[PDB]
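Notes to accompany the following structure.
What's counted below: heavy atoms across the whole structure, side chains too, no hydrogens, waters or symmetry copies. Counting convention: from 1, in listed order, for ligands and their atoms alike. The sequence lines fix the lettering, A, B, ..., with proteins before strands; numbering per chain opens at 1.
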2 protein chains.
Amino acid sequence: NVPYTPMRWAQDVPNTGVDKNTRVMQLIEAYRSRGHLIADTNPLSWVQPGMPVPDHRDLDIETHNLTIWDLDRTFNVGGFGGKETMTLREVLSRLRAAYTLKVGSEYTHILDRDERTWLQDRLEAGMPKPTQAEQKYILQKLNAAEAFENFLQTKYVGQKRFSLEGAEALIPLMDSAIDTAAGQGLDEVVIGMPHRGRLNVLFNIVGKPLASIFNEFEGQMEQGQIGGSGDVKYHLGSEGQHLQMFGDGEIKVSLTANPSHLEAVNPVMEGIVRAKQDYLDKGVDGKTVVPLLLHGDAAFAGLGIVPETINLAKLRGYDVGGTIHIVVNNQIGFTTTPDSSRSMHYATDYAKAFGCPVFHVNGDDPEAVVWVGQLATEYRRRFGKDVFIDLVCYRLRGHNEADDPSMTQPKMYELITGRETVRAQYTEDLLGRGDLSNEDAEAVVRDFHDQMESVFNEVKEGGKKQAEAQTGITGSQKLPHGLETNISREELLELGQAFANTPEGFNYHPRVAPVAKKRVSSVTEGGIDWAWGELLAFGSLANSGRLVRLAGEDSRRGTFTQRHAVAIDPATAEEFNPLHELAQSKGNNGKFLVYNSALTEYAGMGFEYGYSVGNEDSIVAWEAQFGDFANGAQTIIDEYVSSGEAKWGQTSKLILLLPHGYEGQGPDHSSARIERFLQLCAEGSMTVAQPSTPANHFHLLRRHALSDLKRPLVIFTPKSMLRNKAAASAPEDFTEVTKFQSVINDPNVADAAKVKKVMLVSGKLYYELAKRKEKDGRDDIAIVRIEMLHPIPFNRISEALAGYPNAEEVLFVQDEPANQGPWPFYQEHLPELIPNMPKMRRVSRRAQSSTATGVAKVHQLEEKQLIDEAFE
Amino acid sequence: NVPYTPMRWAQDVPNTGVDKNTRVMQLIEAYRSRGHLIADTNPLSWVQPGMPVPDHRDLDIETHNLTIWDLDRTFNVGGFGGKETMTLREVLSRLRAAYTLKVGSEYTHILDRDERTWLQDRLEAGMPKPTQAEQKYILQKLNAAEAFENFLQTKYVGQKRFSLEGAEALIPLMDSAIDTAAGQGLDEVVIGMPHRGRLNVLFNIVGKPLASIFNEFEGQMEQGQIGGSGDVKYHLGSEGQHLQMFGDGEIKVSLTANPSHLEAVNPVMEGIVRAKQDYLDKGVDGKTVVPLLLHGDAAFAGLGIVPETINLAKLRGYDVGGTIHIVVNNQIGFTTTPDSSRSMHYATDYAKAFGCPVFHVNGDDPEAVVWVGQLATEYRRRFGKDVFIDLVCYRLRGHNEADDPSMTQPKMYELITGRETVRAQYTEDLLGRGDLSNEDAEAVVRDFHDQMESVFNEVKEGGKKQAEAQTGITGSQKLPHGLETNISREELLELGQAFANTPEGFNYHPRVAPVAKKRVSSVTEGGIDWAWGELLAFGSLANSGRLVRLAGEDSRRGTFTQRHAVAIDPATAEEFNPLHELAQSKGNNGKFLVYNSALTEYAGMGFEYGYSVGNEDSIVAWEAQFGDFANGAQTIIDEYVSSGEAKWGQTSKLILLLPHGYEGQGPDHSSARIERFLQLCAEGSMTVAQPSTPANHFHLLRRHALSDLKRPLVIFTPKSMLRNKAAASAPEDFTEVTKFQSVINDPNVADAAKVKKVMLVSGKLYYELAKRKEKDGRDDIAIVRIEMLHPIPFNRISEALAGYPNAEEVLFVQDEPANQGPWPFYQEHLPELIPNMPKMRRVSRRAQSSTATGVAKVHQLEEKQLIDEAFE
Ligand SMILES: CC(=O)SCCNC(=O)CCNC(=O)[C@H](O)C(C)(C)COP(=O)(O)OP(=O)(O)OC[C@H]1O[C@@H](n2cnc3c(N)ncnc32)[C@H](O)[C@@H]1OP(=O)(O)O
Ligand SMILES: CC(=O)SCCNC(=O)CCNC(=O)[C@H](O)C(C)(C)COP(=O)(O)OP(=O)(O)OC[C@H]1O[C@@H](n2cnc3c(N)ncnc32)[C@H](O)[C@@H]1OP(=O)(O)O
Ligand SMILES: CC1=C(CCOP(=O)(O)OP(=O)(O)O)S[C@H]([C@](O)(CCC(=O)O)P(=O)(O)O)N1Cc1cnc(C)nc1N
Ligand SMILES: CC1=C(CCOP(=O)(O)OP(=O)(O)O)S[C@H]([C@](O)(CCC(=O)O)P(=O)(O)O)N1Cc1cnc(C)nc1N
Ligand SMILES: [Mg+2]
Ligand SMILES: [Mg+2]
């Protein structure tokens, strides 16, 4: 059992052509670059049959024209090993000690010279010898891991737990990293991980009490929100403290919640970290919250969210100072082996796309594992980049504890069954080297088992409760009754004047200057448009002293060239952000931050959700270029935004701004899928709205921000109505009107006793129907608008209908096809809530498989037909 | 304007320590590895302000301790340049000619020695000088590109076309690659691409007639399917032939359809290629259909589908012999620059994760572009791997032709406005070197313009038609009336006996052997379960002579350990596929292929959709581990599967198998979201079903396969009912019953005149209600099952209800919450279709924000409450 190729027999060759010193230097470079391909990193003696084996002919002395006859000759090595001269025997020895034992490293692809040299120096110095105290501490942690698993196996046989057996070195690795961070003087560590070994991490790393875990197994679950539904035990989070064992340091540790969908926690936990860093506010030399992110091998290589999130690491609005990644490589999926899971040689090969180091380490050598953890944390602190650790281990049982792995992997499980554990091997080693006594070794085991037995008995004394029905979360938060959302006239003029206080030598671009002038004049003359209404809202909130953050694709200028939140000087390329300046000059320390995102919907929306969870007192908004591209973030919508409160008791106030409208641009630029969002709504989970005037948009946003109802808000925003002159607002609407309106009654009804038809509408189609009514002089019709779709304002709708006593019909008019838009929701729910209402009649486009037509002439024909049908 | 750092002044150094020959060898290695960092590949003199600049101190002679005094001395270079000895002046010259001009290359990261040597030899030989005929051909192609764009600009000013101006070298690049493929003797080239320069490629590469394009601009659109909706002009496909200009070769060229959602065509076009290769059947040395895939720079780096699809390249069921990728790098998104779009240095850095070569080429040197195209196609044919080309160019106008790019990028568009085009520069060069006459140069322009003017006038003679309403696609395909789907008794016994004809020294695993025995005995005794019903269907179809393909996560064994389509011997690890063997021994050349996929839903389902389009006569099925994870492939469901026929006239017969059932495993293992699929259905777009017996599943699959209705099928499959003994089927049900049943009436009604309540149900809840009915001895109830959900079988439901004349109530019973499951669809549609039916009454779980509870005791309590409510 020796791992190297034996020395071969050959004749001595002459020192001609390429000199032999040159050849020895090439051998050194080869080992530094490709030595990991023959390192002792696999605990099993296993090669997967279907996988290609890389060429490693570069690592034998024959390929560099050297021979056994050169082993005792001396050569110039140019500072290798801190020496100017050396023999080939000593060169080989050192290279093999550094690059071919229990740690394999990839770092030569890095472009910066100082980085490379830092890593090179530390790897060739070697792992320092630990003290006896340190060694005993590692043994305690290994014991705790294995003991916990065995206890649960004994007391609860069939139950699903996803064990960590085969990979117990994870516990001392994570502990090493957290301990190093505490020594550096940082503030917090945030963890995200999957199912494998979660209960073990909760107990041994975070410090969740043992009584809680046992209760979970007996069927008593802790409640997150009153009347909540809940979730399985391996999807929950917690908080705790960590004290340094051989130091005076202390750090906070947290673990976040997540669904079954693998790798969906990656963008969410990045956002949490960024929000926490922003709150502490320590500048560029800060970055004092550390992200620690665990993965599995099959998921890491397969799912595309992983590289998508790593791509945000060095960008202006997303940087968090680097992430420490750990891949638990147990060499198997569920019943699938690496030959069917990836086309890369290693699972961690995405690192080479981003220019980051990789360390592969054997999971049966605990001292090496602890060293690698420390080295990774130090690299992050110095260089501020991502680092990747690959922990090579195995899975002792099946995927779960009810499965038989021999059916599909017979040969692999001949090697696994009947091995001795990592705890056993390490205990044997220490006793052998005289580093530990037998009395000590036995006490370590006995003490921990006594602790667990004690707690278990205490838990079983208390009787088991019986099941009870879950009520719901509808009334678990209060509504802001009697809150006023108007600003003063002084405040409105100051906001307007922010676009005139340009810096010293700044000028606007010729096509932007008219927009700025209109903003200064409108706050006293009238004609405020949609975009200026939105900015007035965010600006007012920033003045009061809040952190406002807006992010999305092309969101600084706007997709429709309407926002201009940051302006650029054509001559010098200087930037200017008016509202941020004004906020910072009022002494409440408010901020207005605007960012252009990368081209992602899954990672984009995920990051913003996380930001909302990490700072409860911030105002966050994500924008989509068109609302049609939001289906690329469906996982986030379904698993976090819509259902997080009911499952885990995690609350959020994220705002989604989704453009919407039927205007003839085709099937992927028309519909944000209102029907889909209205399906997800129940128990008052989130608010859904589609306002028709800038002032109403203003009032909706401000109500959300100033209330104490912590639930999301989804707004369907316009595209062509942005520049419609009939939709503009007057200043009195921002300063004298006090509240948001959920239903707006018809403002052009002469006599209410002559009305015989009522039309209900939502959004931009109002302005077409009103136009036609005026032209044809109809005094028997009344158009009523619905601004808030969910929850249903049935009291106001009832009040409006009651104002027209001679009405005979009610028409529901929408632009969308009959199987889309708000009609399906309303035809089901509204008749029950208003019993005395006449039967409703739909007027819309026909039902379709696609969203809209692709021909523009057909769109125009359809619209004419629709409005004609509405007016008999 | 010289691009190199000037030589510096210094003293001559002694030849001590590390020898100078060693230093010259290190300089050679540095240029081969990192020389691309200073190459002349950018047409503009532009450096983006916010982006980090890599260290390139490795490329100057000072860092290797050499000096101007070494330039004329001679050194040993070990075969570089085919010489044993050389001067430093000549070494620098050659290195700079190979790695620092108009082509920059990355290839040193490749692990195989033979690959590296092949590339190294060709790059250092250089680009061969082209003939005069070849040169004139390049000029014709450049002219065609620019001329086409200018014509459209003149005749249709405002209209959106997404121009290729700034990147016209794409046309000769694509032509070079296709021409090389024709010379190799291959069969077809399949193209997938986005919006940028699509109309140009359709005309100049594929050969779509010019009349068609002009008609599109005037509003007349070609119809795909009768009564279809359509799509915009830059989302369409076509077919054509390509003849070799200087050869006797000929090849077929195709371009596929796609939605606005970027990069969603990647898995689809890979599947198309694989299906076409499988049909030709030329073995391992074949792979004679070439995939050519175009991208944009922002999308390539940002979206996660890109690396997810590249990961399938070398896997057993997905390999297509390599893909040629072209990234059109115009150094801008919409209004977003690279500093805000990616954290990688180049856009093509994912290549280094997979071990593939990259070529960067200047878009203003057409001869270099043509060379790179040829070299890439040759590399693919020899090594069978992916290759990446980065074409560096610019965007002349704004994102579209109605946008002003100066507002956000002032300085960049000072360099762009008023340049001379690539056609102009190349014409000037050829006239300068005396390779072309002026008469020739003028004819090239005049002839093409005359051709375009001719066609345009012809198109405008014919009058413009007026718009007309679009009818729908419901009746555009026929239904299989009077088709019988039963097999003979001889056929059924043969299928059963396939599991007894094991190979020579093969034995089953002990826990699999009972399943095989039961399969042999059941085809005569009874008790056929769900899994055996499914396999009997696919097996029968394979025998008749069809290619049957099944793919999904853990689909060979099955998630619930139920399928065992391929078995493994514990002693030798040999594999056995019974049904494939039987099919191949019947002389119709049928196949049964089963594959375990990687852990992806987006790339997985996309690949199978593509396979169905590439071979219309195959049976394809994609399976999900649980139906809850299908929301990760929402883009494919919404943009291709549900709506492809209505938009482009592209038909498919894909089968989706999605597990479903409420059994107490929590919110991410319970619901496949039936309500969402039923929203998407309209115009008879696809079939949706939930059968309750194995024989019915058999008949449904066979009807789909043998009919001439080319639309998808979505089936909701069971989890616990797989092993329910009350659900098993007898052999007569496969051989004497002739058709699939859409409604199954109650088989335990003694007297029909005593029934006073009718219950409607679908799926596994039937077996609970029937159980209770028998226990309590209720003769006033009748339970009726609905097997096909869409389209609605209203004639059969009416017939069933008419059989109970004294019925007073109708109850709709489901397990799902009230805002989920089939209730929303049915409460809307069914009362209209059956006017005389009593009012329906729902019996279900309450409406919820999440899918299901997380506690198991609560699940049991809910189920009891539900069934009690049903029976008064
Ligand atoms: C969805 C959520 O996040 S909370 C929903 C919780 N409640 C329910 O779902 C109960 C069922 N729903 C209902 O009874 C109704 O739909 C209601 C009460 C929510 C609204 O019906 P109406 O009375 O017709 O609407 P109206 O606009 O008059 O609302 C009255 C008050 O509720 C407040 N309100 C209503 N919806 C919201 C909301 N989403 N956020 C904040 N305040 C709200 C209004 O500000 C108003 O306050 P006021 O006392 O100053 O007038
Ligand atoms: C969804 C698609 O891809 S095709 C749908 C096209 N047609 C429509 O949408 C029209 C509206 N729908 C309807 O009229 C009804 O729902 C129908 C006719 C489709 C079925 O209603 P019923 O008559 O109650 O159902 P029933 O099961 O008796 O169907 C009768 C025949 O239709 C055939 N059929 C019905 N649905 C399908 C289907 N999805 N695929 C194939 N054949 C079908 C049956 O095989 C049967 O053939 P038979 O004459 O040999 O017995
Ligand atoms: C395919 C799959 C698993 C295999 C993971 O392999 P690897 O990453 O190597 O991990 P490890 O097991 O080696 O540590 S676990 C898991 C599942 O969902 C796990 C349960 C859960 O995490 O909720 P299951 O119950 O269906 O098996 N599952 C189904 C699944 C599929 N696709 C997604 C996106 N998410 C999933 N949860
Ligand atoms: C963000 C975005 C575009 C920029 C692409 O930049 P790059 O990849 O560098 O290409 P190029 O333009 O430099 O060649 S084009 C496009 C859009 O949808 C294009 C239209 C279309 O392709 O259908 P739009 O009309 O909203 O701008 N769009 C919106 C968009 C967003 N997200 C997805 C998944 N798909 C999209 N179509
Ligand atoms: Mg694994
Ligand atoms: Mg671009």
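- The nearest protein heavy atom to atom 37 (C) of ligand 1 is closer than 4.0 Å.
- Between the B:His829 side chain and the B:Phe825 main chain, a donor and an acceptor come within less than 3.5 Å of each other.
- For the residue pair A:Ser849 and B:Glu683, a side-chain donor N or O sits within less than 3.5 Å of a side-chain acceptor on the partner.
- Here is the list of ligand 2 atoms found below 4.0 Å of a heavy atom in B:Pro480: 41 (C), 42 (N).
- Looking at A:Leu479, A:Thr738, A:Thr485, A:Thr687, it is A:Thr687 that brings a heavy atom closest to atom 39 (N) of ligand 1.
- Checked against side chain to side chain donor-acceptor pair (under 3.5 Å), A:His697 has no partners two or more places apart in sequence or in another chain.
- Close contacts of ligand 1 with A:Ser742, meaning ligand atoms under 4.0 Å from a residue heavy atom, involve 27 (O).
- Here the two rings, on B:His195 and B:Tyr234, have centers that are 6.0 Å apart or farther.
- Of all the heavy atoms of A:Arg796, the ones lying under 4.0 Å from any atom of ligand 1 are found in both the backbone and the side chain.
- Contact annotation for atom 30 (C) of ligand 2: protein absent (non-hydrogen atoms, distance under 4.0 Å).
- Residue B:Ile792 approaches ligand 2 through these ligand atoms, each under 4.0 Å from one of its heavy atoms: 15 (C), 16 (O), 21 (O).
- Taking a distance limit of 4.0 Å, we find that atom 14 (O) of ligand 1 is approached by some protein heavy atom.
- The nearest protein heavy atom to atom 21 (O) of ligand 1 is closer than 4.0 Å.
- Between the side chain of A:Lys739 and the backbone N or O of A:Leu483, at least one donor-acceptor pair lies under 3.5 Å.
- A heavy-atom distance below 4.5 Å is found between the side chains of B:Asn200 and B:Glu149.
- The presence of a protein heavy atom under 4.0 Å from atom 10 (C) of ligand 2 is ruled out.
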Only pairs under 3.5 Å count here: list side-chain donor-acceptor contacts from residues 789-803 of chain A, not counting sequence neighbours, and write none if there are none.
from, atom 1, to, atom 2, distance (Å)
A:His790, ND1, A:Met686, O, 3.0

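- Within ligand 1, counting atoms from 1 as listed, the ones closer than 4.0 Å to a heavy atom of A:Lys739 are 50 (O).
- Heavy-atom contacts of A:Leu709 reach the following atoms of ligand 1: 3 (O), 40 (N) (cutoff under 4.0 Å).
- Checking B:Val714, B:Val641, B:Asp638 one by one against B:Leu680, the side-chain contact (heavy atoms from CB on, under 4.5 Å) holds for a single residue, B:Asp638.
- Of the N or O atoms in B:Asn795, one or more lie within a sub-3.5 Å distance of an N or O in ligand 2.
- When B:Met788, B:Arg703, B:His481 are checked for heavy-atom proximity to atom 34 (N) of ligand 2, B:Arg703 turns out nearest.
- A heavy-atom separation below 4.0 Å is not found between B:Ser707 and ligand 2.
- Remark: ligand 2 and B:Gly684 share an N or O pair separated by less than 3.5 Å (distance only, no angle test).
- Residues satisfying the ring pair (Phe, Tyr, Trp, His ring centres under 6.0 Å) criterion with B:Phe334, sequence neighbours excluded, are B:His399.
- Side chain of B:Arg196 to backbone of B:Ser163: a donor-acceptor contact under 3.5 angstrom is found.
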List, for ligand 4, each N/O atom that has a protein N/O partner under 3.5 Å away, with both atom names and the distance.
from, atom 1, to, atom 2, distance (Å)
ligand 4, 8 (O), B:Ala299, N, 3.4
ligand 4, 9 (O), B:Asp297, OD1, 2.7
ligand 4, 9 (O), B:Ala298, N, 3.4
ligand 4, 9 (O), B:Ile332, O, 3.3
ligand 4, 12 (O), B:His195, NE2, 3.4
ligand 4, 12 (O), B:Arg196, NH2, 3.3
ligand 4, 13 (O), B:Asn330, OD1, 3.1
ligand 4, 13 (O), B:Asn330, ND2, 3.4
ligand 4, 13 (O), B:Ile332, O, 3.1
ligand 4, 14 (O), B:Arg196, NE, 3.2
ligand 4, 22 (O), B:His195, ND1, 3.4
ligand 4, 23 (O), B:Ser260, OG, 2.7
ligand 4, 26 (O), A:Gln625, OE1, 3.0
ligand 4, 27 (O), B:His399, NE2, 2.9
ligand 4, 28 (N), A:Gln625, OE1, 3.4
ligand 4, 32 (N), A:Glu601, OE2, 2.9
ligand 4, 35 (N), B:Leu262, N, 3.4
ligand 4, 37 (N), B:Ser260, O, 2.9

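- In this structure, A:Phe560 has its ring center closer than 6.0 angstrom to the ring center of A:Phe626.
- Residue contacts with ligand 1 for A:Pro793 involve both N, CA, C or O and side-chain atoms from C-beta outward (heavy atoms, distance under 4.0 Å).
- With ligand atoms numbered from 1 in the order given, ligand 2 contributes 13 (C), 14 (O), 15 (C), 24 (O) to contacts under 4.0 Å with heavy atoms of B:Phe794.
- Salt bridge A:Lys710/A:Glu645: absent, no basic N to carboxylate O contact under 4.0 Å.
- Exactly one residue among B:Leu303, B:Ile305, B:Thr635 makes a side-chain contact (heavy atoms from CB on, under 4.5 Å) with B:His261. That residue is B:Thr635.
- Checked by atom type and distance alone, the side chain of A:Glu308 pairs as donor or acceptor with a backbone atom of B:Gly304 at under 3.5 Å.
- In this structure, atom 18 (C) of ligand 2 has no protein heavy-atom contact shorter than 4.0 Å.
- Inside a 4.0 Å radius of atom 46 (C) of ligand 2 there is not any protein heavy atom.
- Shown in contact with A:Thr474 at under 4.0 Å from a heavy atom are these atoms of ligand 1, numbered in order with element: 8 (C), 9 (O).
- The pair B:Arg397-B:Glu165 meets the salt-bridge criterion, since a charged nitrogen lies less than 4.0 angstrom from a carboxylate oxygen.
- Between A:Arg557 and B:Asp403, at least one side-chain N (NZ, or NE/NH1/NH2) sits under 4.0 Å from a carboxylate O, which counts as a salt bridge.
- Residue A:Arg711 approaches ligand 1 through these ligand atoms, each under 4.0 Å from one of its heavy atoms: 3 (O).
- Nearest protein heavy-atom neighbour of atom 50 (O) of ligand 2: B:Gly482 N, 2.8 Å.
- Applying side-chain contact (heavy atoms from CB on, under 4.5 Å) to B:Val306 and the options B:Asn266, B:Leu293, B:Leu262 leaves one that passes, B:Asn266.
- By heavy-atom distance, the residue among B:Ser798, B:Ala689, B:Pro791, B:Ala682 lying nearest atom 12 (N) of ligand 2 is B:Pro791.
- Taking the six-membered ring where the residue is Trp, the centroids of B:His295 and B:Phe300 are separated by under 6.0 Å.
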